[PDB]
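Below are two forms of the same protein chain, given as structure tokens: structure 1, then structure 2.
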Structure 1
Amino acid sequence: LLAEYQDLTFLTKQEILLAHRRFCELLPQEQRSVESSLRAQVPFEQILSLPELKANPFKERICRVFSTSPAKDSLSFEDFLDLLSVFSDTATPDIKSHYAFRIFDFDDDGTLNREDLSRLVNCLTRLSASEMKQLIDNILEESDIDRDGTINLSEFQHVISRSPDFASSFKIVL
């Protein structure tokens, strides 16, 4: 499937152009030409102030997932478009689940462990105490098919099918 290497067609032409105008506001005046702006790398601090990210519980993590920089320390305009495409209401549930999973996998090991799931739950929530353990045990009980103690992507889709609340995280996070 290789979502990252797909050319996503979720944004309209106007959205693309408007995104470019907003991206250019983060650049020095001299880098705002079309050609200069598409070579630019914008550090996360400027991206993190945007309305799409400022109050996002996983904002630092979202920056890292969409950055195509090998240092994972900035977004190009194209990374920013990728971001807005996945965030759009038009983005398909399969694309959103893919990227939500990546976001929630903090160590990028390919699974959601007890810590990964804890942050997810906190994001929905006066937080839970050590009743967080109770909750996580029941998710694994239902959806940890290979019984490895973690939740992989397939199992994640099961959880999403089971829980309106976890499914609502897609609107919160993307």
Structure 2
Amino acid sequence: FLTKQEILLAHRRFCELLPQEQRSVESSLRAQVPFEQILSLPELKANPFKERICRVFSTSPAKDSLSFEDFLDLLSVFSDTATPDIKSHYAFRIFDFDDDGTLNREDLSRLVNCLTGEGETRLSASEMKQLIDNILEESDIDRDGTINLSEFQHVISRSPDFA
């Protein structure tokens, strides 16, 4: 998903986030950049899900930092060459706020809140209930109250190309 120019450019940008003492190639490939530095990058700073994006691409058990390889994975998924299948798969992981494998009413509520902003312009209790009910009506095929991956990939594939 990334060209060689993109990988080499990514390494130079990644290294600018490290202390001077960790900028050798070997040190840089062992380094873990905390989210605070990642969340300020132009590619992420304006993204409403930046905090969820960091978490999903982190490979450390504490899910609180990004390695260079994790950072290449993030760029790979957000590149213009990434397939519709991979984008909807990672979108599902990003929207799964509690990380339990399905999108429930709480996940959908947090997703809507991300789209509007924390609050003023926040949706009211009634507006949120009506929106979530409508989302579930279109997406939850087996009617068990949650949206699993296949339901999600199916609903996305039937939507216009967000290109």
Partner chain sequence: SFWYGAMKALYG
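Here, residue number means position along structure 1's sequence, counting from 1. Each form is matched to the other, and the largest set of C-alpha atoms that superpose within 1.5 Å is called the rigid core.
Looking at both structures, it is structure 2 that matches the form solved in complex with its partner chain. The comparison between the two structures, aligned on the rigid core, picks out a single residue among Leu26, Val65, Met132, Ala40 whose CA moves by 2 Å or more, and that residue is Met132. The two forms, fitted on the rigid core, differ between the two structures by 2 Å or more at the CA of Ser118. After superposing on the rigid core, the C-alpha of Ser154 is displaced by 1.0 Å between the two structures. Superposed on the rigid core, the forms differ at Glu78: its CA is offset by 0.4 Å between the two structures.
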